[PDB]
Amino acid sequence: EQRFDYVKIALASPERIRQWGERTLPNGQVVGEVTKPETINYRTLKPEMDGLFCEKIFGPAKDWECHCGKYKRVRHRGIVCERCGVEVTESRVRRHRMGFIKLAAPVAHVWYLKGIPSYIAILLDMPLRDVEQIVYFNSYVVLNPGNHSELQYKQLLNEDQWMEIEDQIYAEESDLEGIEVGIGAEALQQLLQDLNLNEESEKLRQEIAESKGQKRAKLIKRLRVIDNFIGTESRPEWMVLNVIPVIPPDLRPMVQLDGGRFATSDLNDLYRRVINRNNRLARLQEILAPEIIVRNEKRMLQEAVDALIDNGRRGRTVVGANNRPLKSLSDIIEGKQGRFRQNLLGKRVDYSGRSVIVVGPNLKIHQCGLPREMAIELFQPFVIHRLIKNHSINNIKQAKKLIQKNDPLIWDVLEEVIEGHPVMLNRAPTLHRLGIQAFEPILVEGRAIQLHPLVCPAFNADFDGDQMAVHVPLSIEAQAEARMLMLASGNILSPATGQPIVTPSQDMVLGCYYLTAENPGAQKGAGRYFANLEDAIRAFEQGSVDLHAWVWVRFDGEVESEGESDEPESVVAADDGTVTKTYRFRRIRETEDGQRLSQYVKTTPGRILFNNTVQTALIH
Amino acid sequence: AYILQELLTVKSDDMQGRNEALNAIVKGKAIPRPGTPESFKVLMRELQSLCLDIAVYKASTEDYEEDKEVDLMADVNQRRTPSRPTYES
Amino acid sequence: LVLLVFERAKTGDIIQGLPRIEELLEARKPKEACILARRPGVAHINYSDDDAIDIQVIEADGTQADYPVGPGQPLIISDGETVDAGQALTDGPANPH
Amino acid sequence: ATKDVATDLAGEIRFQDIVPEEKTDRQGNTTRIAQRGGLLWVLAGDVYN
Amino acid sequence: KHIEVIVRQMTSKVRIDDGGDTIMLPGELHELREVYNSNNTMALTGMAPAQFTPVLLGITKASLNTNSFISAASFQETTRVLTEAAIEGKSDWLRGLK
RNA sequence: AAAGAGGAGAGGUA
Ligand SMILES: Nc1ccn([C@@H]2O[C@H](COP(=O)(O)OP(=O)(O)OP(=O)(O)O)[C@@H](O)[C@H]2O)c(=O)n1
Ligand SMILES: [Mg+2]
Ligand SMILES: [Zn+2]
């Protein structure tokens with residue numbers, strides 16, 4: 001059945017981060033750590049050996065060819081060359097494999113420090129300003145009060161005050177041997193490692209009851225977070241980073257345009273800055289530098305990591321060549337141009353076209369007109385299949401040559417390839433589901449698409465510059481759905497309100513109004529008598545009667561008029577029990593309290609034409 | 001639903017389903033079922049780069065056995081995956 | 001001399017209609033309306049001096065409520081009328097919260 | 001909306017039916033509001049400052 | 001019908017006050033039917049039920065309180081939603097469109 | 001066998 005059932009997200013431990021980007025080789029060594037800010041050689045366009053584009057960590061750059069050019073071919077199924085360590089396989093592996101960087105000093109994740117709720121500050125029960133001051137090397141914190149009388153646990157200090165306490169302790173006096181541990185550094189991992197979740201949970205639960213108001217609510221908030229860390233069995237100190245993942249190199253390409261130079265990518269610059277700062281800090285720490293220069297390097301490393309994660313969230317923004325900020329990892333998934341709203345909820349597709357639309361009368365409501373140049377391109381595989389199967393050619397290459405050379409036979413094949421295959425038409429602003437519709441195409445000569453006039457209001461389109469897009473279904477299920485769910489001859493009512501949507505619109509209304517109107521002038525042939533509805537039409541086609549004359553016609557059926565009087569205007573009773581009743585627009589003959597014998601209607605030839613057309617259309 | 005599913009996967013970025021669909025159309029056979037689009041995998045890698053533990057899991061049918069993580073970036077069928085669709089032979 | 005305070009005159013048209021819909025569908029706070037907070041159902045307008053209108057709503061048990069009216073709040077009820085809980089008294093857009 | 005009213009004369013002021021009212025804020029400032037409107041008369045003269 | 005369908009989504013929750021012993025902390029928003037069913041099951045033995053107050057949410061506040069973090073992350077405020085989901089260890093069972 | 005990589009400005013059409 002299905003490969004997976006659900007997705008889960010959680011915090012990442014350093015062990016998992018290391019496990020993501022570490023692989024072993026049949027030698028006993030392990031690879032995966034990046035230790036150089038180098039990408040490729042300038043002389044020969046090949047990657048370096050331990051940089052951001054290395055082949056031992058991420059994979060070969062050419063199919064079935066190792067770095068030193070000594071193993072090739074496909075018969076090997078996963079052996080490793082024993083001169084450079086490059087595995088011999090396809091280059092697609094460059095789209096999955098990850099790396100990692102080991103930091104000289106711990107740094108704090110900026111998502112958990114600068115947020116609408118601050119999770120580190122809430123967990124530690126300290127204001128955000130104090131936590132921000134401990135980080136970035138602006139103050140000290142008392143990790144252990146010792147046997148002092150004024151010092152308190154988690155108390156902010158200063159340089160002068162620390163100097164005073166240092167003078168007090170270093171006076172070689174007594175009663176101060178309580179091991180005062182005041183460390184102004186990251187120093188957050190130590191505070192987060194001293195937390196006992198169960199004891200704090202019990203204490204908060206006990207203290208909740210004897211409280212009220214805004215004092216209670218705050219405590220409640222803290223309690224929430226704490227219980228979360230018990231449900232997931234996570235460690236609160238995982239919010240401080242010791243290892244950093246590195247994205248696969250095929251998602252941040254280098255690109256070899258510019259003739260002699262190279263393209264610019266923004267992730268590579270941030271990674272290079274992080275690596276440079278880490279290497280400098282490690283080298284300074286190795287040779288036992290004075291501990292006033294090391295803290296500077298630690299601060300710059302923290303700022304570099306912060307800029308890599310989220311640019312401009314905390315302090316100043318990193319600026320490239322021109323005064324333009326760089327793109328960090330959080331800018332790829334954030335907004336209208338992010339991954340979610342641009343590449344996942346909408347896409348570009350194959351087998352699609354676009355062109356200008358003109359008006360085609362004499363079409364049917366389920367038909368459309370397609371130019372041949374577009375059709376020969378949108379239906380290529382079907383034409384190739386029909387050329388191979390019928391009119392046996394040989395292979396695909398001969399068919400492609402025939403199509404390119406424009407032999408007259410391909411048009412005869414295409415005329416029957418497209419017969420019975422629906423197509424989908426779309427206009428740019430799709431405000432409701434009637435903006436996409438399915439039609440049956442017929443080939444036309446020209447470069448414009450022909451559209452039926454009766455479907456324009458649904459699309460909201462007129463013929464003064466608009467353009468349309470065309471899509472082709474492929475599978476049998478898609479064709480069945482297009483025929484039975486979206487065909488343009490079955491969309492009669494509006495989903496918003498059950499009202500008609502295919503009414504005649506602009507000139508048909510004017511013609512039907514002129515046909516059935518009144519005209520006191522031009523009354524030629526008025527007063528004549530007719531039988532059937534066809535005699536009046538036949539007399540009209542001979543020019544013997546006008547279009548707006550008043551004539552009497554023999555009609556048996558239901559008739560409605562305008563301003564007709566329900567009262568019989570005249571009644572005449574004759575012998576043998578017969579009665580004639582004359583209304584404004586009718587004349588009826590009846591027997592003695594029985595059935596009708598005849599009925600004549602006073603009307604106009606245009607109204608007869610309209611009603612005859614309607615009646616005839618409902619029998620075919 | 002089938003029109004939408006075919007639009008989203010076979011015609012845009014299912015790197016293996018494109019060639020299968022093209023060759024099935026040429027040979028006149030049925031179009032095989034799709035797989036997973038590439039953009040989802042790209043998004044998963046980008047999210048993992050931010051130190052987030054996100055993965056897909058398969059439910060345990062029976063017994064006490066825990067749910068097992070599924071490797072999305074692995075090959076299921078022993079068939080080629082070229083960059084662009086081509087007419088084989 | 002003085003500073004007159006008034007309401008500007010605007011047109012109809014769809015541009016001035018959608019904001020009301022957006023305000024309604026977002027459950028935001030309007031700038032008017034006075035709502036009666038109890039059942040009773042006997043209201044006395046009690047026109048006082050210098051146009052100080054105070055509505056007094058009297059329960060069957062004798063409660064008084066005593067809702068006061070503002071200077072520019074029109075009334076939409078009469079004297080001796082029966083009113084229900086949550087029923088508007090002095091016009092305007094009701095606060096749904 | 002608000003609109004100021006100015007005068008094109010210079011002289012003494014008289015009230016016909018306007019009835020002032022005093023209101024205070026939460027800081028100690030006072031402003032005067034016309035409870036009942038009417039006519040404000042300016043009588044001509046020569047004003048020395 | 002369309003307006004009723006839209007309005008129903010914003011008048012169907014309740015805010016929990018001092019839940020007695022069930023897993024319902026004060027300050028949370030829960031469906032009315034779920035709370036009713038939980039109280040009906042719990043009161044069968046005879047323990048103390050929870051209190052609640054009805055609320056009216058709004059079109060954008062109600063859509064950010066969904067059960068799936070994937071659909072809420074693709075609407076607005078990606079980073080905050082993802083941070084909260086990672087802290088809470090949420091999972092998504094892939095129900096509904098989007 | 002091969003073949004385009006992104007970004008930033010300015011101006012237009014439904
Ligand atoms: N900013 C814009 C401008 C135009 N349009 C689209 O283009 C149409 C404009 O049609 P146009 O031919 O310019 O004007 P009409 O209103 O159709 O009037 P007429 O053709 O009679 O000039 C709009 O209705 C809409 O479908 C849009 O979506 N957004
Ligand atoms: Mg137009
Ligand atoms: Zn080698």
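Whatever order the structure lists them in is the order used to number ligands and atoms, beginning at 1. Side chains included, hydrogens not; waters and symmetry mates left out as well; all remaining heavy atoms used. Chain A is the first sequence line, chain B the second, and so forth, proteins listed ahead of strands; every chain is numbered from 1.
- For A:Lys364, the NZ atom sits in a loose shell: 12 or fewer heavy atoms of surrounding residues, nucleotides or ligands are nearer than 6.0 Å.
- In the displayed structure, A:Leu345 atom CG is contacted under 6.0 Å by more than 12 heavy atoms of other residues, nucleotides or ligands.
- The contact set between ligand 1 and A:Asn460, taken as ligand atoms under 4.0 Å from a residue heavy atom, comprises 24 (O).
- Side-chain contact between A:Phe100 and A:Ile244: absent, with no pair of heavy atoms (C-beta onward) separated by less than 4.5 Å.
- Listed by number with element, the atoms of ligand 1 under 4.0 angstrom from any heavy atom of A:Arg427 are 26 (O).
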Listing, residues 248-257 of chain A side-chain donor-acceptor contacts under 3.5 Å, not counting sequence neighbours, or none:
unit_1: A:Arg252; atom_1: NH2; unit_2: A:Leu52; atom_2: O; d: 3.4
unit_1: A:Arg252; atom_1: NH2; unit_2: A:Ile247; atom_2: O; d: 3.2

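- Residue E:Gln76 places its CD atom among more than 12 non-hydrogen atoms of other residues, nucleotides or ligands, all under 6.0 Å distant.
- For ligand 1, the atoms sitting less than 4.0 Å from at least one non-hydrogen atom of A:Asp464 are 12 (O), 20 (O), numbered in the order shown with element in parentheses.
- Taking 2.8 Å as the limit, the number of protein N, O or S atoms around the Zn ion (ligand 3) is 4.
- At least one side-chain heavy atom of A:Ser475 sits under 4.5 Å from a side-chain heavy atom of B:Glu6.
- Counting heavy atoms under 4.0 Å from ligand 1, residue A:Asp466 does not touch it at all.
- Between the OD2 atom of A:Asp462 and the OD1 atom of A:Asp464, the angle taken at the Mg ion (ligand 2) works out to 120° after rounding to 10°.
- No side-chain donor from either of E:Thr60 and E:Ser63 sits under 3.5 Å from a side-chain acceptor of the other.
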Run the side-chain donor-acceptor check on residues 64-83 of chain A: report pairs under 3.5 Å with partners two or more places apart or on a different chain.
unit_1: A:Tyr71; atom_1: OH; unit_2: A:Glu82; atom_2: OE2; d: 3.0
unit_1: A:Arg75; atom_1: NH1; unit_2: A:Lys72; atom_2: O; d: 2.5

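- A:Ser505 meets the side chain to side chain contact (heavy atoms under 4.5 Å, CB included) test with no other residue; sequence neighbours excluded.
- Near A:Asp462, the atoms of ligand 1 lying under 4.0 angstrom from a non-hydrogen atom of the residue are 17 (O), 20 (O).
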